[PDB]
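Working notes, structure below.
Protein chains: 2
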Amino acid sequence: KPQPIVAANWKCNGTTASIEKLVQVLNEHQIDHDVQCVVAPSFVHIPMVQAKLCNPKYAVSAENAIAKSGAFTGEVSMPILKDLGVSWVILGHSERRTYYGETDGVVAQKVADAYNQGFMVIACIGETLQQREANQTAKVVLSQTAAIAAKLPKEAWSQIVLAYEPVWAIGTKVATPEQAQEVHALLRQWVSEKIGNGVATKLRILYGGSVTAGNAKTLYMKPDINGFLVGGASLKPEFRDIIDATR
Amino acid sequence: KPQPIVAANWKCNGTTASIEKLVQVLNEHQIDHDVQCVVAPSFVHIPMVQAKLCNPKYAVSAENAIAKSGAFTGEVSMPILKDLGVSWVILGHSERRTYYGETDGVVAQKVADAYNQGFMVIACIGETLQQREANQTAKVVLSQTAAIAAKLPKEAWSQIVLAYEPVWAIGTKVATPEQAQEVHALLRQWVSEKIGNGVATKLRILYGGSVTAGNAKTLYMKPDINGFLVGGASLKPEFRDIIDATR
Ligand SMILES: [As]
Ligand SMILES: [As]
């Protein structure tokens, strides 16, 4: 397997006091294996996370960005993030595709722009309950991935991480580790066939469903799962156990 | 006139070096009159602005927010901002109404939520070129204002500031000071008639068109203009001259 990644998506949560406490716990956690850890705080919390988080396994990520600076009230741009010293970004999260108008094409352009500006990118894909029940899992996740792929040169993939979000199980159903693996394997096969086998081999495909201390090891044992984009448990000391599972 | 406000909307612009330099200039500027100054930086720049800006006439503002914390990847919430010590927010900026799905009703709810959570709010309204040319200026700006008003108790208005954006002149035509005044007067009259004359008298209605050192004094001389929501010139030392114009 390629190097695992265990990424915290804090979403729109946190107080300066809760962050301070959790970051201290993350700093005190000994990690002895090769793993890239990532924390994505809300934009206003990025500076304090950059200042307080020093565990050398970690990088700080934005949870979203737009490509260009300018007359975009309320948005944050990739050049602004680069200047701030942030080199990771999550793009196409289900919540943005669902609530905030991010179509496959919008996400694909954002990913190409982030690549071109020197970011590591956690590009999120996933099908809804309606899509899964209509037997459209393969078409949807491949369509979302293909949109991204069409805007990227082959060498860009060293900077791309995929995150599979089983949106159908998030706040609805239960996703099993076998169901997760099945999607990861389909994605890997497609990349292998259409992009290249070398690229498919090195590509990190992260599971972005419900990840807990109770299932992390079981999930990471699956041959096509390379770590996690963790939601709720990433706001808790439990995130350390999740990291430990990738040993 | 009520107390003037001169607010900087930095939009999606800035580097840590350019901010540092501009904030030093703002700190060195002597302001001897009663004016509320405001700076709204991009979310990631809020901490460094809170740390470096100390001119006592100023407050820091967010450029947007959502009402609640939770599973809203990439957004920033009002409780998060309150915890961070931010007590001002801009809502309904034209760019958000245009690019980011903020309908009159979305903006109105955001304003009520911000009020209920103890924010000072710069609520933005304005008609497009198409609307102005169809003789719909009054209907549009009143509709946008009425939507907000319908969600607010009478005592909330002490925490509301309106900003008129002549979207029809922004990146298109030229708005004259007489055209600006005409809209501000219409807004004030409506508030006086439908909400109350005491409320109308105390209400700050800011001009959010192109504001420069060359037109600020002329604009502020108009009886219904109570200051400015400044775009481009707010990234420049010129912003001091704009403030000086409200003397
Ligand atoms: As440290
Ligand atoms: As100071």
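These protein sequences, in sequence, are chains A and A'. A prime marks a further copy of an entry chain. Counted the way PDB author numbering counts, the first sequence spans residues 4 to 175, 177 to 251. Counted the way PDB author numbering counts, the second sequence spans residues 4 to 175, 177 to 251. Ideal Cβ positions, reconstructed from N, Cα and C, are used throughout, including at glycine.
Check the Cβ of A:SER238 against every Cβ in chain A' and list those closer than 7 Å, keeping chain order.
What you label residue 238 of chain A is simply residue 234 of the first sequence in a count that begins at 1. Residues of chain A' passing the Cβ test: none, with the nearest at roughly 12 Å.
Verify the CB distance criterion: does A:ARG99 have a CB-CB separation below 8 Å to chain A'?
Taking the first residue of the first sequence as position 1, residue 99 of chain A is located at position 96. Yes, A:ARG99 counts as interfacial toward chain A'.
Looking at the structure shown, is A':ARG208 part of a helix, part of a strand, or coil, going by DSSP?
What you label residue 208 of chain A' is simply residue 204 of the second sequence in a count that begins at 1. Correct three-state label for A':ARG208: strand.
Between A:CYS127 and ligand 1, is the CB less than 7 Å from at least one heavy atom?
Stepping through the first sequence from its first residue, residue 127 of chain A is reached at position 124. The answer is no for A:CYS127.
Just by C-beta distance, which residues in the segment 192-226 of chain A' are closer than 9 Å to chain A?
Within the segment 192-226 of chain A', no residue has a Cβ that lies closer than 9 Å to any Cβ of chain A.
Helix, strand or coil for A':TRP160 per DSSP?
Indexing the second sequence from 1 puts residue 160 of chain A' at position 157. Helix at A':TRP160.
Please list the terminal residues of the continuous beta strand (DSSP E) segment that includes A':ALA150.
For the purposes of this step, residue 150 of chain A' is taken as residue 147 along the second sequence, with counting starting at 1. No beta strand (DSSP E) holds A':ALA150; the alpha helix (DSSP H) holding it covers 140-152.
Assuming A':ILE163 contacts A':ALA111 (C-beta within less than 8 Å), just tell me the rounded distance between them.
Locating residue 163 of chain A' in the second sequence gives position 160, counting from the first residue. Locating residue 111 of chain A' in the second sequence gives position 108, counting from the first residue. Not really, about 12 Å apart at Cβ, beyond 8 Å.
On the three-state DSSP scale, how would you describe A':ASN219?
By 1-based counting over the second sequence, the position of residue 219 of chain A' is 215. Coil, per DSSP.
Could you please give me the residues that DSSP links to A':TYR61 through a beta bridge?
Reading the second sequence from its first residue, position 58 is the one you call residue 61 of chain A'. A':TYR61 pairs with A':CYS40.
Let me see if you follow: with CB-CB separation under 8 Å, is A:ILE125 close to chain A' or not?
For this step, residue 125 of chain A is matched to residue 122 along the first sequence. It does not: the Cβ of A:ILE125 has no partner Cβ on chain A' nearer than 8 Å.
How would you call A':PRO169, buried or exposed, if buried means at least 16 neighbouring beta carbons within 10 angstroms?
Taking the second sequence and counting its residues from 1, one reaches residue 169 of chain A' at position 166. Counting Cβ neighbours within 10 Å, A':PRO169 comes out buried, since at least 16 surround it.
Taking 7 Å as the cut-off, is the CB of A':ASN138 close to at least one heavy atom of ligand 2?
Taking the second sequence and counting its residues from 1, one reaches residue 138 of chain A' at position 135. Flag unset: Cβ of A':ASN138 not near ligand 2.
Let's see if you can read the secondary structure: which residues bound the beta strand (DSSP E) around A:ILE93?
Within the first sequence, numbered from 1, the residue matching residue 93 of chain A stands at position 90. From DSSP, the beta strand (DSSP E) with A:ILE93 extends over 91-94.
Using alpha carbons as the reference points, say which of A:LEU87, A:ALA141, A:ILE34 and A:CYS15 lies closest to A':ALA20.
For this step, residue 20 of chain A' is matched to residue 17 along the second sequence. When only C-alpha atoms are compared, the closest one is A:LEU87.
Could you please tell me which residues of the segment 108-133 of chain A, in chain order, have their CB closer than 7 Å to any CB of chain A'?
Per Cβ criterion, the list is empty.
What are the partner residues of A':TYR167, as DSSP defines its beta bridges?
Position 164 of the second sequence, counted from the first residue, corresponds to residue 167 of chain A'. BP columns for A':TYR167 point to A':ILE128 and A':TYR211.
Using a threshold of 8 Å, state whether the C-beta atoms of A':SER80 and A':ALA62 are closer than that.
On the second sequence, residue 80 of chain A' is found 77 positions in, with the first residue counted as 1. On the second sequence, residue 62 of chain A' is found 59 positions in, with the first residue counted as 1. No.
If distances are taken between C-alpha atoms only, which option among A':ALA70, A':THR106, A':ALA65 and A':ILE83 comes closest to A':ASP116?
The residue given as residue 116 of chain A' occupies position 113 in the second sequence. Here the closest residue by C-alpha is A':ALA70.
Check each residue of the segment 6-23 of chain A: if its Cβ is closer than 7 Å to any Cβ of chain A', include it; give the result in chain order.
Those residues of the segment 6-23 of chain A that come within reach of chain A' (Cβ to Cβ, closer than 7 Å) are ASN12, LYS14, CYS15, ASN16, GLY17, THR18 and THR19.
Could you work out which residue in A:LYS154, A:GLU23 and A:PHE75 is closest to A:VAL109 when comparing CA atoms only?
For the purposes of this step, residue 109 of chain A is taken as the residue at position 106 of the first sequence. Closest by alpha carbon: A:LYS154.
If I measure Cβ to Cβ from A':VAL114 and keep anything under 6 Å in the same chain, skipping five residues before and after, which residues do I get?
Start at 1 with the first residue of the second sequence, and residue 114 of chain A' comes out as number 111. Same-chain partners within the cutoff: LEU94, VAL124, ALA126 and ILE151.
Taking DSSP's pairing of strands, which residues face A:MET123 in a bridge?
On the first sequence, residue 123 of chain A is found 120 positions in, with the first residue counted as 1. Paired residue(s): A:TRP91.
Should the segment 192-202 of chain A be regarded as contacting the segment 241-249 of chain A, the criterion being three or more beta carbon pairs within less than 8 Å?
Output reads no: the segment 241-249 of chain A does not touch the segment 192-202 of chain A.
Return the residues of the segment 139-165 of chain A that lie within a Cβ-Cβ distance of less than 8 Å from chain A', sorted by chain order.
If the cut-off is 8 Å between Cβ atoms, the segment 139-165 of chain A has nothing near chain A'.
Output needed for A:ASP107: all residues of its chain with C-beta closer than 7 Å, excluding positions within five of it in sequence on either side, in chain order.
Taking the first residue of the first sequence as position 1, residue 107 of chain A is located at position 104. Taken in chain order, the residues that qualify are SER146, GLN147 and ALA150.
The beta strand (DSSP E) with A':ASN12 in it runs from where to where?
Stepping through the second sequence from its first residue, residue 12 of chain A' is reached at position 9. Counting along the chain, the beta strand (DSSP E) containing A':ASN12 begins and ends at 8-12.
Are the beta-carbon atoms of A':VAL9 and A':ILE209 separated by less than 8 Å?
Along the second sequence, read from residue 1 onward, the residue named residue 9 of chain A' stands at position 6. Along the second sequence, read from residue 1 onward, the residue named residue 209 of chain A' stands at position 205. It is not a contact, given that the beta carbons lie outside the stated cut-off.
Determine which residues of the segment 57-77 of chain A have a Cβ less than 9 Å from any Cβ of chain A', and write them out in chain order.
Listed in sequence order: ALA65, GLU66, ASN67, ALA68, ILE69, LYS71, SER72, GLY73, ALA74, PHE75, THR76 and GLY77.
Within the present structure, is the beta-carbon of A':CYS57 separated from the nearest heavy atom of ligand 2 by less than 7 Å?
Against the second sequence, residue 57 of chain A' aligns to sequence position 54. Correct: A':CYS57 has its Cβ closer than 7 Å to ligand 2.
Can you tell me whether A':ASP228 is buried or exposed? The criterion is at least 16 other CB atoms within 10 Å of its CB, across all chains shown.
Taking the second sequence and counting its residues from 1, the one referred to as residue 228 of chain A' is at position 224. Looking at its Cβ environment, which holds 16 or more other Cβ atoms inside 10 Å, A':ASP228 is buried.
Among A:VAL28, A:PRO5, A:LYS14 and A:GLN27, whose alpha-carbon lies nearest the alpha-carbon of A:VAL38?
The residue given as residue 38 of chain A occupies position 35 in the first sequence. Minimum Cα distance to A:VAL38 is reached at A:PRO5.
Between the Cα of A':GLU66 and the Cα atoms of A':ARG99, A':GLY73 and A':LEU56, which residue gives the shortest distance?
Position 63 of the second sequence, counted from the first residue, corresponds to residue 66 of chain A'. Checked all of A':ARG99, A':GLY73 and A':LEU56; the closest Cα to A':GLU66 is A':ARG99.
Taking the straight line between their C-alpha atoms, what separation do you get for residue 176 of chain A and A':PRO82?
There are no atomic positions for residue 176 of chain A here, as chain A continues from 175 directly to 177.
For a cutoff of 8 Å on Cβ pairs, would you count A':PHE232 as touching chain A?
Locating residue 232 of chain A' in the second sequence gives position 228, counting from the first residue. Closer than 8 Å: no.
So that I know if they touch, is there some Cβ in chain A lying closer than 8 Å to that of A':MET51?
Start at 1 with the first residue of the second sequence, and residue 51 of chain A' comes out as number 48. So, interface residue.
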